[PDB]
Amino acid sequence: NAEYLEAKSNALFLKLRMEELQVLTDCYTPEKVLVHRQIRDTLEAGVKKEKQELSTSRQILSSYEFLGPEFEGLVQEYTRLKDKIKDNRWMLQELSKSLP
Amino acid sequence: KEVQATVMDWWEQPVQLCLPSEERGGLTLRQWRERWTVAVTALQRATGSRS
Amino acid sequence: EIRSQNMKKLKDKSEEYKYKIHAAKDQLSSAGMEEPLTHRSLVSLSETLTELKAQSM
Amino acid sequence: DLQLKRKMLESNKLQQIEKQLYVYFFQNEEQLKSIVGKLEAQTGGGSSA
């Protein structure tokens with residue numbers, strides 16, 4: 254009984270493995286493999302370019318962050334004021350077009 | 616479970632959506648697939664052939 | 174006694190499977206298929222590029 | 549599950565070609581235009597300029 258159960262378990266495992274390998278042979282034909290290679294090369298070139306840009310930008314931001322919280326408050330205020338001026342100008346332009 | 620995952624990859628072929636901005640003949644792959652799907656659907660409507 | 178007979182059939186089938194698995198491994202190698210060229214590996218690589226553009230913006 | 553999906557690919561030739569479309573996209577643009585154009589011409593549409 255012990256021998257029989259062992260033989261049954263081994264046969265089921267080998268069937269499963271055979272069927273897996275047959276599916277992989279159907280999926281990756283030489284033509285497709287070539288395409289997958291082209292796609293890799295484009296993706297790899299993109300990953301490399303973006304990793305370099307991220308590294309340069311992170312280096313510049315680190316120089317401003319060194320001028321303290323007070324500067325950041327000033328920058329926030331400046332930015333708020335520029336945004337309000339831009340909104341008011343935008344409102345004046347829209348009232349002139351309506352003089353029928 | 617691993618074998619089931621492999622069967623799934625074979626059926627969906629996910630590698631086709633990996634480069635969206637690539638244009639060939641002035642259109643993206645998606646656009647081409649869409650064109651294909653519209654054409655296949657029009658052919659199936661003409662050819663009474665109710666799928 | 175029935176199980177002993179069935180065990181003989183199972184051993185023959187196991188030998189048949191081992192033979193088909195070798196033949197399939199040989200066909201995949203001739204097609205130049207490497208691991209990084211798989212759907213799963215290439216998707217994984219595209220997902221890494223999107224993540225990096227988001228970090229750069 | 550494998551027997552059902554293999555059968556599905558052997559019966560439907562149009563689905564097989566769909567699955568090959570991305571291959572044509574990266575290797576042969578002319579073929580892609582041709583394969584998609586043949587399928588569109590067959591569908592009569594009178595384009596006005």
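Protein chains in written order, with UniProt numbering: chain W, 254 to 353; chain S, 616 to 666; chain P, 174 to 230; chain A, 549 to 597. We treat Cβ as the ideally placed atom computed from N, Cα and C, and that holds for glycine.
Scanning A:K567, A:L552 and A:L580 for the CA closest to the CA of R639 (chain S) turns up A:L580. For the 8 Å CB-CB criterion, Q590 (chain A) and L658 (chain S) form a contact. For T662 (chain S), the three-state secondary structure derived from DSSP is coil.
Residues of chain A with a Cβ closer than 8 Å to the Cβ of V276 (chain W) are, in chain order, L550.
In the assembly as shown, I313 (chain W) is an exposed residue. Its beta-carbon has fewer than 16 other beta-carbons within 10 Å. Contact annotation: in the segment 201 to 216 of chain P, residues whose CB is within less than 7 Å of a CB in chain W are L201, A204, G205, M206, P209, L210 and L215.
At a C-beta separation below 8 Å, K567 (chain A) has these neighbours in chain S: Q628. For the segment 276 to 304 of chain W, the beta-carbon criterion of a distance under 7 Å to any beta-carbon of chain S is satisfied by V276, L277, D279, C280, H289, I292, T295 and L296. Note on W343 (chain W): under 16 other CB atoms within 10 angstroms of its CB, so exposed under the neighbour-count rule.
Under the Cβ distance rule, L642 (chain S) does not count among the residues neighbouring chain W, no pair being separated by less than 8 Å. Going by DSSP, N576 (chain A) is part of no alpha helix (DSSP H) at all; its letter is neither H nor E. Within the model, the alpha-carbon separation for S636 (chain S) versus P209 (chain P) is close to 22 Å. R639 (chain S) is bridged by DSSP to S:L642. Under the Cβ criterion of 8 Å, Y257 (chain W) is counted among the residues facing chain P. Interface flag for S219 (chain P) against chain S is set, since a Cβ pair is found closer than 8 Å. Contact with chain P is found for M271 (chain W), since one of that chain's Cβ atoms lies less than 8 Å from the residue's Cβ. In the structure shown, the three-state DSSP call for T211 (chain P) is coil.
Neighbours of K561 (chain A) in chain S, taken as residues at a C-beta separation under 7 Å, are lacking, since the least C-beta distance is about 11 Å. Contact check for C633 (chain S) against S229 (chain P) fails: the beta carbons are separated by 8 Å or more. Neighbourhood of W647 (chain S) in chain W, by CB distance below 7 Å: empty, with the nearest CB roughly 14 Å away. The C-alpha of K193 (chain P) is placed about 37 Å away from the C-alpha of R648 (chain S). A620 (chain S) does not reach chain A, its nearest Cβ partner there being about 12 Å away, counting only Cβ pairs nearer than 8 Å. Within the same chain, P635, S636 and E637 come within 8 Å of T643 (chain S) by CB-CB distance, once the 5 residues on both sides are set aside. Here the alpha carbon of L258 (chain W) sits roughly 36 Å from the alpha carbon of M556 (chain A). Burial check for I338 (chain W): the Cβ neighbour count within 10 Å stays below 16, so the residue is exposed.
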